[PDB]
>>> print(open('entry.pdb').read())   # PDB, C-alpha atoms
ATOM      1  CA  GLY G   1      88.179 104.074  90.544
ATOM      2  CA  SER G   2      90.672 101.612  92.069
ATOM      3  CA  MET G   3      88.760  98.976  90.191
ATOM      4  CA  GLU G   4      88.898 100.699  86.777
ATOM      5  CA  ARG G   5      92.719 101.205  87.054
ATOM      6  CA  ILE G   6      93.673  97.625  87.996
ATOM      7  CA  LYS G   7      91.349  96.272  85.296
ATOM      8  CA  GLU G   8      93.040  98.438  82.708
ATOM      9  CA  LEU G   9      96.451  97.176  83.918
ATOM     10  CA  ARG G  10      95.272  93.512  83.575
ATOM     11  CA  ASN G  11      94.209  94.470  80.039
ATOM     12  CA  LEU G  12      97.458  96.138  79.047
ATOM     13  CA  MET G  13      99.338  93.140  80.477
ATOM     14  CA  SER G  14      97.211  90.938  78.228
ATOM     15  CA  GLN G  15      98.856  92.011  74.961
ATOM     16  CA  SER G  16     102.432  91.420  74.155
ATOM     17  CA  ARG G  17     103.493  94.863  73.098
ATOM     18  CA  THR G  18     102.214  96.782  76.152
ATOM     19  CA  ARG G  19     103.238  93.845  78.490
ATOM     20  CA  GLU G  20     106.880  94.117  77.231
ATOM     21  CA  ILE G  21     106.930  97.902  77.835
ATOM     22  CA  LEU G  22     105.345  97.758  81.263
ATOM     23  CA  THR G  23     107.755  94.921  82.291
ATOM     24  CA  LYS G  24     111.004  96.278  80.803
ATOM     25  CA  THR G  25     110.581 100.049  81.378
ATOM     26  CA  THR G  26     111.637 101.057  84.832
ATOM     27  CA  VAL G  27     110.290 104.171  86.546
ATOM     28  CA  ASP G  28     113.761 105.790  86.073
ATOM     29  CA  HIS G  29     113.509 105.319  82.283
ATOM     30  CA  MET G  30     110.169 107.145  81.958
ATOM     31  CA  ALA G  31     112.055 110.406  82.665
ATOM     32  CA  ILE G  32     114.695 109.559  80.034
ATOM     33  CA  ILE G  33     111.912 109.025  77.440
ATOM     34  CA  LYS G  34     109.955 112.155  78.457
ATOM     35  CA  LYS G  35     113.034 114.297  77.722
ATOM     36  CA  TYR G  36     112.961 113.178  74.040
ATOM     37  CA  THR G  37     109.256 113.087  73.267
TER      38      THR G  37
ATOM     39  CA  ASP Q   1     101.421 104.699  67.387
ATOM     40  CA  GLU Q   2     103.830 105.898  70.049
ATOM     41  CA  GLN Q   3     100.457 105.445  71.681
ATOM     42  CA  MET Q   4     101.338 102.028  73.006
ATOM     43  CA  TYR Q   5     103.556 104.108  75.296
ATOM     44  CA  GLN Q   6     101.262 107.141  75.824
ATOM     45  CA  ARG Q   7      98.540 104.628  77.068
ATOM     46  CA  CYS Q   8     100.853 103.013  79.655
ATOM     47  CA  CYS Q   9     101.908 106.520  80.777
ATOM     48  CA  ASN Q  10      98.341 107.624  81.131
ATOM     49  CA  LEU Q  11      97.530 104.541  83.176
ATOM     50  CA  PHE Q  12     100.652 104.920  85.258
ATOM     51  CA  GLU Q  13      99.622 108.355  86.432
ATOM     52  CA  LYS Q  14      96.450 106.856  87.888
ATOM     53  CA  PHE Q  15      98.680 105.027  90.310
ATOM     54  CA  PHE Q  16     101.149 108.008  90.621
ATOM     55  CA  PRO Q  17      99.637 111.332  89.900
ATOM     56  CA  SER Q  18     102.012 114.315  89.696
ATOM     57  CA  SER Q  19     100.550 115.404  93.044
ATOM     58  CA  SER Q  20     101.301 112.269  95.076
ATOM     59  CA  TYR Q  21     104.270 112.399  97.474
ATOM     60  CA  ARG Q  22     104.335 108.613  97.623
ATOM     61  CA  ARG Q  23     106.605 108.397  94.575
ATOM     62  CA  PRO Q  24     107.313 105.002  92.892
ATOM     63  CA  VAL Q  25     110.701 103.304  93.281
ATOM     64  CA  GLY Q  26     112.910 104.367  90.384
ATOM     65  CA  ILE Q  27     114.592 101.052  89.714
ATOM     66  CA  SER Q  28     111.160  99.337  89.580
ATOM     67  CA  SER Q  29     109.364  98.354  86.389
ATOM     68  CA  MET Q  30     106.178 100.273  85.678
ATOM     69  CA  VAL Q  31     104.150  97.099  86.323
ATOM     70  CA  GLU Q  32     105.491  96.199  89.749
ATOM     71  CA  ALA Q  33     105.373  99.750  90.904
ATOM     72  CA  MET Q  34     101.669  99.943  89.973
ATOM     73  CA  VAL Q  35     100.616  96.666  91.435
ATOM     74  CA  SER Q  36     102.567  97.469  94.509
ATOM     75  CA  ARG Q  37     100.716 100.788  94.864
ATOM     76  CA  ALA Q  38      97.416  99.007  94.082
ATOM     77  CA  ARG Q  39      97.943  96.681  97.061
ATOM     78  CA  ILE Q  40      98.864  99.348  99.528
ATOM     79  CA  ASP Q  41      95.859 101.309  98.340
ATOM     80  CA  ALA Q  42      93.505  98.319  98.614
ATOM     81  CA  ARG Q  43      94.499  97.833 102.253
ATOM     82  CA  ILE Q  44      94.096 101.504 103.118
ATOM     83  CA  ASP Q  45      90.681 101.864 101.405
ATOM     84  CA  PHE Q  46      89.384  98.675 103.008
ATOM     85  CA  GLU Q  47      90.326  99.939 106.459
ATOM     86  CA  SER Q  48      88.799 103.386 105.859
ATOM     87  CA  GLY Q  49      85.687 101.643 104.587
ATOM     88  CA  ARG Q  50      85.999 103.198 101.063
ATOM     89  CA  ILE Q  51      85.733  99.719  99.546
ATOM     90  CA  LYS Q  52      83.961  96.518 100.735
ATOM     91  CA  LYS Q  53      85.225  92.855 100.927
ATOM     92  CA  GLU Q  54      84.089  91.810  97.447
ATOM     93  CA  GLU Q  55      85.680  94.885  95.934
ATOM     94  CA  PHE Q  56      88.883  94.243  98.002
ATOM     95  CA  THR Q  57      89.053  90.602  96.962
ATOM     96  CA  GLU Q  58      88.798  91.242  93.324
ATOM     97  CA  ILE Q  59      91.478  93.805  93.271
ATOM     98  CA  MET Q  60      93.815  91.495  95.164
ATOM     99  CA  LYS Q  61      93.090  88.597  92.750
ATOM    100  CA  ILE Q  62      93.693  90.836  89.672
ATOM    101  CA  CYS Q  63      97.029  91.795  91.249
ATOM    102  CA  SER Q  64      98.183  88.129  91.707
ATOM    103  CA  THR Q  65      97.111  87.492  88.096
ATOM    104  CA  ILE Q  66      99.192  90.518  86.964
ATOM    105  CA  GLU Q  67     102.268  89.203  88.987
ATOM    106  CA  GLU Q  68     102.066  85.864  87.227
ATOM    107  CA  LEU Q  69     102.119  87.577  83.826
ATOM    108  CA  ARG Q  70     105.348  89.332  84.859
ATOM    109  CA  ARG Q  71     106.909  86.200  86.390
ATOM    110  CA  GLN Q  72     106.879  84.144  83.196
ATOM    111  CA  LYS Q  73     108.093  84.795  79.681
TER     112      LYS Q  73
END
>>> encode(input="entry.pdb", output="structure tokens")
Amino acid sequence: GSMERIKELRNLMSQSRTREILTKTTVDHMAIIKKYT
Amino acid sequence: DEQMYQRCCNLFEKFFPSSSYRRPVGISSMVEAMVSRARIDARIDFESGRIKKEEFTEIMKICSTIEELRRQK
């Protein structure tokens, strides 16, 4: 459960598009994006 | 293919579900917030006996691997 989630993070961090997002989007920005979905 | 982002969101919730009260730091990147929650959770679960040493070790090593991928390029 804890294991599935950290292994999917490792995966997403393995690919340049999702890595970039996950590194450059702050938690505060998620709310700014949500409001314009 | 705004699904790159829907997939990160989905995963993010698994670290911070709507119904947590331990909310992530706002100025933090999604990645450090998640890892950081993954650590605090691996310690808690390992105390409570929810997870065993091998399970604890692996999660910790995946986390240091993730941190390296942030702290470069």
>>> interface_residues(input="entry.pdb", of="chain G", to="chain Q", cutoff="8 Å", atoms="only C-alpha atoms", output="PyMOL selection string")
chain G and resi 2-3+5-10+12-13+17-18+21-28
>>> atom_distance(input="entry.pdb", atom1="CA of residue 72 in chain Q", atom2="CA of residue 11 in chain G")
16.6 Å
>>> atom_distance(input="entry.pdb", atom1="CA of residue 14 in chain G", atom2="CA of residue 1 in chain Q")
18.0 Å
>>> atom_distance(input="entry.pdb", atom1="CA of residue 33 in chain G", atom2="CA of residue 6 in chain Q")
10.9 Å
>>> build_atoms(input="entry.pdb", residues="range 34-49 of chain Q", atoms="N, CA, C and O atoms", output="short mmCIF file (atom, residue, chain, number, x, y, z; two decimals), in the frame of the given file")
data_model
loop_
_atom_site.label_atom_id
_atom_site.label_comp_id
_atom_site.auth_asym_id
_atom_site.auth_seq_id
_atom_site.Cartn_x
_atom_site.Cartn_y
_atom_site.Cartn_z
N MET Q 34 103.14 99.71 89.94
CA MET Q 34 101.67 99.94 89.97
C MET Q 34 100.93 98.96 90.82
O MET Q 34 100.11 99.31 91.67
N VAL Q 35 101.20 97.69 90.61
CA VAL Q 35 100.62 96.67 91.44
C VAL Q 35 100.92 96.95 92.88
O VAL Q 35 100.09 96.81 93.76
N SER Q 36 102.14 97.35 93.13
CA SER Q 36 102.57 97.47 94.51
C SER Q 36 101.74 98.62 95.10
O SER Q 36 101.15 98.49 96.16
N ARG Q 37 101.66 99.75 94.41
CA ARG Q 37 100.72 100.79 94.86
C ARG Q 37 99.24 100.34 94.94
O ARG Q 37 98.49 100.79 95.83
N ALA Q 38 98.79 99.48 94.03
CA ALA Q 38 97.42 99.01 94.08
C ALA Q 38 97.10 98.21 95.35
O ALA Q 38 95.99 98.29 95.90
N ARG Q 39 98.07 97.42 95.81
CA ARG Q 39 97.94 96.68 97.06
C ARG Q 39 97.87 97.59 98.27
O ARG Q 39 97.06 97.35 99.17
N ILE Q 40 98.74 98.59 98.33
CA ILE Q 40 98.86 99.35 99.53
C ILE Q 40 97.58 100.16 99.57
O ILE Q 40 96.97 100.28 100.60
N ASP Q 41 97.14 100.67 98.43
CA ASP Q 41 95.86 101.31 98.34
C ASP Q 41 94.66 100.40 98.62
O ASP Q 41 93.66 100.90 99.12
N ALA Q 42 94.72 99.08 98.34
CA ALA Q 42 93.50 98.32 98.61
C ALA Q 42 93.38 98.12 100.10
O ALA Q 42 92.28 98.22 100.65
N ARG Q 43 94.50 97.88 100.78
CA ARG Q 43 94.50 97.83 102.25
C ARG Q 43 94.00 99.12 102.95
O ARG Q 43 93.17 99.09 103.86
N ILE Q 44 94.55 100.25 102.56
CA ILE Q 44 94.10 101.50 103.12
C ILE Q 44 92.58 101.74 102.94
O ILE Q 44 91.88 101.98 103.91
N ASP Q 45 92.08 101.59 101.74
CA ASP Q 45 90.68 101.86 101.40
C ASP Q 45 89.69 100.95 102.12
O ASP Q 45 88.55 101.35 102.47
N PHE Q 46 90.14 99.71 102.32
CA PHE Q 46 89.38 98.68 103.01
C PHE Q 46 89.32 98.92 104.51
O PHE Q 46 88.33 98.64 105.14
N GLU Q 47 90.40 99.42 105.10
CA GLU Q 47 90.33 99.94 106.46
C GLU Q 47 89.34 101.15 106.58
O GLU Q 47 88.39 101.14 107.37
N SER Q 48 89.56 102.17 105.76
CA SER Q 48 88.80 103.39 105.86
C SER Q 48 87.35 103.14 105.51
O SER Q 48 86.53 104.02 105.65
N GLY Q 49 87.03 101.93 105.05
CA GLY Q 49 85.69 101.64 104.59
C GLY Q 49 85.29 102.24 103.23
O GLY Q 49 84.12 102.19 102.89
#
